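> Pasting a structure below so you can have a look.
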Amino acid sequence: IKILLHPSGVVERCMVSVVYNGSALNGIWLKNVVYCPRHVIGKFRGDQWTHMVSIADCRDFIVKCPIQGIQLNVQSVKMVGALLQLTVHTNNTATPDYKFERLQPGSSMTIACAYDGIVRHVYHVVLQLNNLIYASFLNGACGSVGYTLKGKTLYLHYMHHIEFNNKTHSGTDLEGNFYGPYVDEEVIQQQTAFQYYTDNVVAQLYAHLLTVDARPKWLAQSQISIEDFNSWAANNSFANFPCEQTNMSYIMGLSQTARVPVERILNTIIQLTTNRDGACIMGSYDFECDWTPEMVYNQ
Amino acid sequence: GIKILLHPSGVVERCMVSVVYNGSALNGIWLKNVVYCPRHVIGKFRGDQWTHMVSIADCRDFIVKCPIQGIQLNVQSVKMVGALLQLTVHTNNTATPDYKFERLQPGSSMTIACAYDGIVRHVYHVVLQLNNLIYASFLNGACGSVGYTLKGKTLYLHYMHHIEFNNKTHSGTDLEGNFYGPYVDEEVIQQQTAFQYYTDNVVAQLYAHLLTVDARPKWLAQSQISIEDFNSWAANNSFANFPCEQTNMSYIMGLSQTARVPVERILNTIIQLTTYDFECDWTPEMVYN
Ligand SMILES: *C(=N)[C@H](C[C@@H]1CCNC1=O)NC(=O)[C@@H]1[C@@H]2[C@H](CN1C(=O)[C@@H](NS(C)(=O)=O)C(C)(C)C)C2(C)C
Ligand SMILES: *C(=N)[C@H](C[C@@H]1CCNC1=O)NC(=O)[C@@H]1[C@@H]2[C@H](CN1C(=O)[C@@H](NS(C)(=O)=O)C(C)(C)C)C2(C)C
């Protein structure tokens with residue numbers, strides 16, 4: 001039915017603010033380490049970072065965890081990828097069992113968008129095939145993390161770095177490596193041509209059949225084979241179906257509930273490109289990659 | 001010296017099993033009570049045919065043997081996960097190590113344990129290319145071979161082999177059942193992602209050359225080029241933006257010091273050299289350590 005976000009409680013208790021000679025962004029504080037974007041110390045390019053971090057004064061890092069009221073102190077500074085690993089005196093007692101998991105495109109995460117070390121908004125996002133997320137950030141939002149939760153463990157996937165004029169956003173995983181070829185420099189950077197995550201677009205139409213209307217007038221009458229669709233997809237900015245073989249279990253499940261084979265869904269996608277004419281599907285006027293098959297099937 | 005390093009196959013060898021089904025012979029790996037093998041052992045199917053055709057496959061037809069342990073296994077249930085079959089068998093594998101199913105990012109290296117009839121016959125090294133293919137070596141009956149790495153006591157499975165394409169590229173899934181790239185286990189010609197050089201690895205191999213063979217060869221560029229200037233050239237010349245992996249800069253900057261050649265000269269050498277070639281088989285982590 002709905003777009004589900006993971007509860008932001010564990011992340012709020014670990015957020016901190018990091019300020020360095022005027023530049024201010026967010027960090028996350030797990031055990032005795034604070035992870036924050038490296039450009040808090042300056043807007044350097046290429047291979048300048050190794051030297052500038054090595055001469056960075058640990059005393060110029062003013063770090064405070066506001067929801068815990070305590071102000072931290074940086075003992076050592078280490079660059080790990082495009083992130084800084086500020087080792088601090090105190091161990092965070094709120095640190096959960098966590099894991100640094102890299103996202104593959106087409107997966108979802110909750111964004112805990114923070115300012116001055118406090119979470120202000122949480123929203124849903126899916127890593128696109130251009131390795132960008134379509135999010136919402138203002139100045140000082142860098143260091144905001146994307147995360148998911150399985151049982152007790154906090155699965156951190158993302159830390160925010162860059163906004164690209166088209167309201168796309170880019171960052172690293174928590175290991176410090178970017179998604180895609182983007183880097184933390186204030187320049188125009190070439191972008192991958194947008195391509196739909198077909199598995200998720202299929203999940204959008206199925207979610208519509210399951211909660212809004214089981215027989216919409218735009219639902220195609222005829223089927224198209226997966227193979228015929230994949231031939232059309234290569235010329236129409238749709239990824240090869242299925243993008244992920246594991247999504248087929250969920251997609252076959254949704255077809256059984258909706259009593260609509262995925263061949264009708266794929267053919268509806270082809271027809272919609274020529275005649276959606278403003279149809280609102282699952283509450284959007286777009287093709288949305290926010291609905292993953294797993295979230296639609298499980299809920 | 002500096003060599004291409006591979007991981008010992010012994011841990012993989014003791015879990016390899018043969019899987020035969022109605023005259024089709026593949027390999028599989030036996031972890032705990034589950035044998036993981038490619039699903040096309042039951043037949044050549046396309047699209048969404050797989051789910052139904054798997055559900056009608058009688059497990060008595062899955063003849064599974066462990067040749068090194070002398071065991072024959074009896075499959076009890078069959079589950080398709082992604083493009084892989086999960087055959088639950090009665091016996092637990094006493095040789096199951098601590099293992100993890102880790103997905104591989106392009107540019108990384110792994111060791112292939114090339115197997116036939118459930119026996120590892122060859123071991124060799126590959127690097128996942130940016131087109132999401134490995135350039136390996138497989139014959140009929142090698143599907144089920146695994147690519148892996150080791151850290152300590154843990155076996156990190158990354159790859160199970162499925163397909164060979166006309167231009168001697170090979171594609172498969174991870175151990176969770178999802179393919180690398182847009183390729184699928186169907187006997188048709190499939191479009192391939194255009195090739196792109198993993199620049200971090202091309203830089204690692206050139207440094208490896210300056211560290212063992214000829215320090216300062218004559219085809220080294222005399223002048224530096226900017227990282228930023230290289231990346232503008234790279235976008236038009238089939239090289240990935242540098243750095244491919246930000247964590248590789250630690251290794252690469254360390255290589256640049258002992259080689260006493262800045263990375264800006266390596267990059268400008270890469271540009272001048274452009275006249276499977278200039279390979280991406282050396283990762284900076286391997287050369288540096
Ligand atoms: C970190 N807090 C910000 C987040 C930005 C601010 C506006 N919306 C966001 O999401 N990141 C930056 O300020 C980042 C920093 C400097 C320039 N930069 C950008 O994202 C810029 N975009 S770009 C790469 O196209 O020039 C811009 C114009 C400030 C949004 C560096 C890359 C170091
Ligand atoms: C599994 N054991 C094989 C490995 C192959 C055999 C030759 N070298 C290899 O790496 N895989 C297959 O036989 C695989 C199976 C059938 C067709 N197929 C292929 O790899 C074929 N290539 S393709 C997709 O381009 O037609 C070929 C011609 C046999 C090499 C299916 C995809 C189900």
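Naming works like this for the structure tokens: A, B, ... for the chains as they're shown, residue 1 at the start of each chain, ligands 1 onward in shown order.
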Distance limit 6 Å, reference ligand 1, atoms considered: only C-alpha atoms and all ligand atoms. Which residues make the cut? Give them as a PyMOL selection string.
chain A and resi 25+39+43+137-142+161-165+184-188
> Hey, which residues come within 7 Å of ligand 2 if we count only C-alpha atoms and all ligand atoms? Could you give them as a PDB file with N, CA and C atoms, in the first residue's frame?

```pdb
ATOM      1  N   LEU B  26      26.615 -30.297 -14.408  1.00  0.00           N
ATOM      2  CA  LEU B  26      27.152 -29.024 -13.943  1.00  0.00           C
ATOM      3  C   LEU B  26      27.879 -29.248 -12.622  1.00  0.00           C
ATOM      4  N   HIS B  40      19.894 -23.645 -14.976  1.00  0.00           N
ATOM      5  CA  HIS B  40      19.704 -24.184 -16.318  1.00  0.00           C
ATOM      6  C   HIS B  40      20.118 -25.648 -16.432  1.00  0.00           C
ATOM      7  N   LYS B  44      16.769 -25.526 -20.802  1.00  0.00           N
ATOM      8  CA  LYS B  44      17.006 -24.220 -21.412  1.00  0.00           C
ATOM      9  C   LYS B  44      15.665 -23.501 -21.502  1.00  0.00           C
ATOM     10  N   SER B 137      38.056 -18.643 -18.604  1.00  0.00           N
ATOM     11  CA  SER B 137      38.340 -19.800 -19.449  1.00  0.00           C
ATOM     12  C   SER B 137      37.476 -20.949 -18.950  1.00  0.00           C
ATOM     13  N   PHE B 138      36.470 -21.332 -19.739  1.00  0.00           N
ATOM     14  CA  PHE B 138      35.528 -22.375 -19.357  1.00  0.00           C
ATOM     15  C   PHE B 138      35.157 -23.219 -20.569  1.00  0.00           C
ATOM     16  N   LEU B 139      34.972 -24.514 -20.343  1.00  0.00           N
ATOM     17  CA  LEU B 139      34.452 -25.432 -21.344  1.00  0.00           C
ATOM     18  C   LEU B 139      33.088 -25.941 -20.894  1.00  0.00           C
ATOM     19  N   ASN B 140      32.521 -26.845 -21.690  1.00  0.00           N
ATOM     20  CA  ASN B 140      31.254 -27.463 -21.330  1.00  0.00           C
ATOM     21  C   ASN B 140      31.364 -28.139 -19.969  1.00  0.00           C
ATOM     22  N   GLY B 141      30.343 -27.949 -19.139  1.00  0.00           N
ATOM     23  CA  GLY B 141      30.302 -28.560 -17.827  1.00  0.00           C
ATOM     24  C   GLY B 141      31.002 -27.798 -16.724  1.00  0.00           C
ATOM     25  N   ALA B 142      31.451 -26.570 -16.981  1.00  0.00           N
ATOM     26  CA  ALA B 142      32.123 -25.766 -15.969  1.00  0.00           C
ATOM     27  C   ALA B 142      31.174 -24.859 -15.190  1.00  0.00           C
ATOM     28  N   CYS B 143      29.908 -24.770 -15.594  1.00  0.00           N
ATOM     29  CA  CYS B 143      28.945 -23.962 -14.857  1.00  0.00           C
ATOM     30  C   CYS B 143      28.765 -24.513 -13.448  1.00  0.00           C
ATOM     31  N   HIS B 162      27.893 -19.162 -15.395  1.00  0.00           N
ATOM     32  CA  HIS B 162      26.673 -19.523 -16.117  1.00  0.00           C
ATOM     33  C   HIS B 162      26.850 -19.529 -17.635  1.00  0.00           C
ATOM     34  N   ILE B 163      27.491 -18.495 -18.190  1.00  0.00           N
ATOM     35  CA  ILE B 163      27.397 -18.186 -19.614  1.00  0.00           C
ATOM     36  C   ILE B 163      28.771 -17.864 -20.186  1.00  0.00           C
ATOM     37  N   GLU B 164      28.984 -18.255 -21.445  1.00  0.00           N
ATOM     38  CA  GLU B 164      30.099 -17.795 -22.266  1.00  0.00           C
ATOM     39  C   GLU B 164      29.544 -17.135 -23.518  1.00  0.00           C
ATOM     40  N   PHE B 165      30.004 -15.919 -23.793  1.00  0.00           N
ATOM     41  CA  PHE B 165      29.598 -15.161 -24.965  1.00  0.00           C
ATOM     42  C   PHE B 165      30.636 -15.312 -26.071  1.00  0.00           C
ATOM     43  N   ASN B 166      30.226 -14.926 -27.284  1.00  0.00           N
ATOM     44  CA  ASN B 166      30.994 -15.238 -28.488  1.00  0.00           C
ATOM     45  C   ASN B 166      32.416 -14.703 -28.400  1.00  0.00           C
ATOM     46  N   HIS B 170      32.664 -14.012 -20.159  1.00  0.00           N
ATOM     47  CA  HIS B 170      31.935 -14.933 -19.310  1.00  0.00           C
ATOM     48  C   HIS B 170      31.172 -14.143 -18.262  1.00  0.00           C
ATOM     49  N   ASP B 185      20.810 -16.097 -18.387  1.00  0.00           N
ATOM     50  CA  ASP B 185      21.194 -17.468 -18.723  1.00  0.00           C
ATOM     51  C   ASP B 185      20.314 -18.030 -19.843  1.00  0.00           C
ATOM     52  N   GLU B 186      20.327 -17.340 -20.980  1.00  0.00           N
ATOM     53  CA  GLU B 186      19.546 -17.760 -22.135  1.00  0.00           C
ATOM     54  C   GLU B 186      20.428 -17.796 -23.375  1.00  0.00           C
ATOM     55  N   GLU B 187      20.232 -18.832 -24.196  1.00  0.00           N
ATOM     56  CA  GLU B 187      21.108 -19.125 -25.333  1.00  0.00           C
ATOM     57  C   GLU B 187      20.717 -18.268 -26.537  1.00  0.00           C
ATOM     58  N   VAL B 188      20.994 -16.972 -26.408  1.00  0.00           N
ATOM     59  CA  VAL B 188      20.782 -15.985 -27.459  1.00  0.00           C
ATOM     60  C   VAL B 188      21.964 -15.022 -27.410  1.00  0.00           C
ATOM     61  N   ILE B 189      22.139 -14.250 -28.476  1.00  0.00           N
ATOM     62  CA  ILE B 189      23.106 -13.158 -28.454  1.00  0.00           C
ATOM     63  C   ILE B 189      22.517 -12.018 -27.635  1.00  0.00           C
TER      64      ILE B 189
END
```
> With 7 Å as the limit and counting only C-alpha atoms, what residues in chain B lie close to chain A? Please list them as a PyMOL selection string.
chain B and resi 47+81-83+177-178+182+227-228+241+244-247
> Please compute the CA of residue 113 (chain B)-CA of residue 130 (chain B) distance, one decimal, in Å.
21.8 Å
> Excluding same-chain residues fewer than 2 positions from region 27-29 of chain A, what lies within 7 Å of it counting only C-alpha atoms, as a list in words?
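So the residues in contact are residues 14, 15, 16, 17, 18, 25, 31, 33, 34, 35, 36, 92, 117 and 143 of chain A.
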> Pick out the closest residue to residue 274 (chain B) from this set: B:199, B:191, B:237, B:145. Count only C-alpha atoms.
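Among the listed residues, B:237 lies closest to residue 274 (chain B).
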> Where in region 11-184 of chain B does DSSP assign strand (DSSP E or B), given as a PyMOL selection string?
chain B and resi 16-21+24-31+34-38+63-66+71-81+84-89+98-101+109-116+119-127+134+146-151+154-164+170-173+179
> So, with only C-alpha atoms as the atoms that count, which of B:286, B:46, B:255, B:87 lies closest to residue 58 (chain B)?
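For residue 58 (chain B), the nearest of the candidates is B:87.
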> What's around residue 125 (chain B) at 12 Å? Count only C-alpha atoms, leave out sequence neighbours fewer than 6 positions away in its own chain, and write the answer as a PyMOL selection string.
chain B and resi 3-9+108-114+134-137+146-149+280-283
> Smallest atom-to-atom distance to residue 129 (chain A): which of A:275, A:215, A:71, A:191, using only C-alpha atoms?
A:191
> Neighbours of residue 254 (chain A) within 9 Å (only C-alpha atoms; same-chain residues fewer than 2 positions away dropped), as a PyMOL selection string?
chain A and resi 203+206-207+210+249-252+256-262+293+296-297
> Put those residues in a file: N, CA, C and O atoms, as a PDB file, in the first residue's frame.

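Done, and the output landed in again.pdb:
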```pdb
ATOM      1  N   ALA A 203       6.693  -2.690 -10.305  1.00  0.00           N
ATOM      2  CA  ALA A 203       6.118  -2.710  -8.967  1.00  0.00           C
ATOM      3  C   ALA A 203       5.163  -1.544  -8.749  1.00  0.00           C
ATOM      4  O   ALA A 203       4.216  -1.658  -7.962  1.00  0.00           O
ATOM      5  N   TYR A 206       1.823  -2.542 -10.344  1.00  0.00           N
ATOM      6  CA  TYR A 206       1.175  -3.591  -9.564  1.00  0.00           C
ATOM      7  C   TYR A 206       0.615  -3.035  -8.261  1.00  0.00           C
ATOM      8  O   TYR A 206      -0.480  -3.424  -7.834  1.00  0.00           O
ATOM      9  N   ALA A 207       1.346  -2.120  -7.620  1.00  0.00           N
ATOM     10  CA  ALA A 207       0.819  -1.464  -6.429  1.00  0.00           C
ATOM     11  C   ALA A 207      -0.475  -0.719  -6.742  1.00  0.00           C
ATOM     12  O   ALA A 207      -1.406  -0.711  -5.929  1.00  0.00           O
ATOM     13  N   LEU A 210      -3.327  -3.097  -6.890  1.00  0.00           N
ATOM     14  CA  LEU A 210      -3.634  -3.717  -5.610  1.00  0.00           C
ATOM     15  C   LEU A 210      -4.268  -2.767  -4.604  1.00  0.00           C
ATOM     16  O   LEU A 210      -4.787  -3.238  -3.586  1.00  0.00           O
ATOM     17  N   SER A 249      10.617 -13.494  -7.795  1.00  0.00           N
ATOM     18  CA  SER A 249       9.758 -14.119  -6.795  1.00  0.00           C
ATOM     19  C   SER A 249       8.654 -13.162  -6.355  1.00  0.00           C
ATOM     20  O   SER A 249       7.474 -13.529  -6.317  1.00  0.00           O
ATOM     21  N   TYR A 250       9.017 -11.914  -6.043  1.00  0.00           N
ATOM     22  CA  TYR A 250       8.011 -10.931  -5.652  1.00  0.00           C
ATOM     23  C   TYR A 250       7.093 -10.583  -6.817  1.00  0.00           C
ATOM     24  O   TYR A 250       5.876 -10.447  -6.636  1.00  0.00           O
ATOM     25  N   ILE A 251       7.655 -10.432  -8.020  1.00  0.00           N
ATOM     26  CA  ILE A 251       6.855 -10.007  -9.165  1.00  0.00           C
ATOM     27  C   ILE A 251       5.876 -11.102  -9.572  1.00  0.00           C
ATOM     28  O   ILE A 251       4.724 -10.821  -9.922  1.00  0.00           O
ATOM     29  N   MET A 252       6.306 -12.368  -9.525  1.00  0.00           N
ATOM     30  CA  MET A 252       5.367 -13.458  -9.764  1.00  0.00           C
ATOM     31  C   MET A 252       4.293 -13.503  -8.686  1.00  0.00           C
ATOM     32  O   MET A 252       3.148 -13.875  -8.969  1.00  0.00           O
ATOM     33  N   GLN A 256       0.061 -12.935  -9.232  1.00  0.00           N
ATOM     34  CA  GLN A 256      -0.958 -13.867  -8.758  1.00  0.00           C
ATOM     35  C   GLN A 256      -2.044 -13.147  -7.969  1.00  0.00           C
ATOM     36  O   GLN A 256      -3.233 -13.446  -8.132  1.00  0.00           O
ATOM     37  N   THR A 257      -1.662 -12.191  -7.115  1.00  0.00           N
ATOM     38  CA  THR A 257      -2.659 -11.427  -6.372  1.00  0.00           C
ATOM     39  C   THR A 257      -3.489 -10.553  -7.304  1.00  0.00           C
ATOM     40  O   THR A 257      -4.724 -10.562  -7.242  1.00  0.00           O
ATOM     41  N   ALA A 258      -2.831  -9.786  -8.176  1.00  0.00           N
ATOM     42  CA  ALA A 258      -3.553  -8.906  -9.086  1.00  0.00           C
ATOM     43  C   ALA A 258      -4.238  -9.655 -10.223  1.00  0.00           C
ATOM     44  O   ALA A 258      -5.006  -9.035 -10.969  1.00  0.00           O
ATOM     45  N   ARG A 259      -3.977 -10.957 -10.374  1.00  0.00           N
ATOM     46  CA  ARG A 259      -4.511 -11.748 -11.484  1.00  0.00           C
ATOM     47  C   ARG A 259      -4.168 -11.117 -12.834  1.00  0.00           C
ATOM     48  O   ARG A 259      -4.921 -11.236 -13.804  1.00  0.00           O
ATOM     49  N   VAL A 260      -3.025 -10.438 -12.903  1.00  0.00           N
ATOM     50  CA  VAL A 260      -2.548  -9.822 -14.139  1.00  0.00           C
ATOM     51  C   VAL A 260      -1.120 -10.285 -14.396  1.00  0.00           C
ATOM     52  O   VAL A 260      -0.212  -9.940 -13.626  1.00  0.00           O
ATOM     53  N   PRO A 261      -0.872 -11.064 -15.450  1.00  0.00           N
ATOM     54  CA  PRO A 261       0.498 -11.505 -15.732  1.00  0.00           C
ATOM     55  C   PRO A 261       1.417 -10.323 -16.002  1.00  0.00           C
ATOM     56  O   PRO A 261       0.988  -9.267 -16.474  1.00  0.00           O
ATOM     57  N   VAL A 262       2.703 -10.514 -15.697  1.00  0.00           N
ATOM     58  CA  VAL A 262       3.676  -9.442 -15.869  1.00  0.00           C
ATOM     59  C   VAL A 262       3.853  -9.078 -17.341  1.00  0.00           C
ATOM     60  O   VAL A 262       4.385  -8.007 -17.659  1.00  0.00           O
ATOM     61  N   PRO A 293       9.848  -4.077  -5.838  1.00  0.00           N
ATOM     62  CA  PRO A 293       9.007  -5.283  -5.741  1.00  0.00           C
ATOM     63  C   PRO A 293       8.916  -5.841  -4.333  1.00  0.00           C
ATOM     64  O   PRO A 293       7.838  -6.269  -3.904  1.00  0.00           O
ATOM     65  N   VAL A 296       6.578  -3.616  -2.187  1.00  0.00           N
ATOM     66  CA  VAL A 296       5.183  -3.760  -2.588  1.00  0.00           C
ATOM     67  C   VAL A 296       4.637  -5.121  -2.163  1.00  0.00           C
ATOM     68  O   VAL A 296       3.497  -5.226  -1.703  1.00  0.00           O
ATOM     69  N   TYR A 297       5.437  -6.181  -2.300  1.00  0.00           N
ATOM     70  CA  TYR A 297       4.936  -7.518  -1.991  1.00  0.00           C
ATOM     71  C   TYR A 297       4.852  -7.758  -0.490  1.00  0.00           C
ATOM     72  O   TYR A 297       3.842  -8.274   0.003  1.00  0.00           O
TER      73      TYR A 297
END
```
> Restricting the calculation to only C-alpha atoms, which member of B:78, B:89, B:248, B:29 is positioned closest to residue 157 (chain B)?
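The answer is B:29, which sits nearest to residue 157 (chain B).
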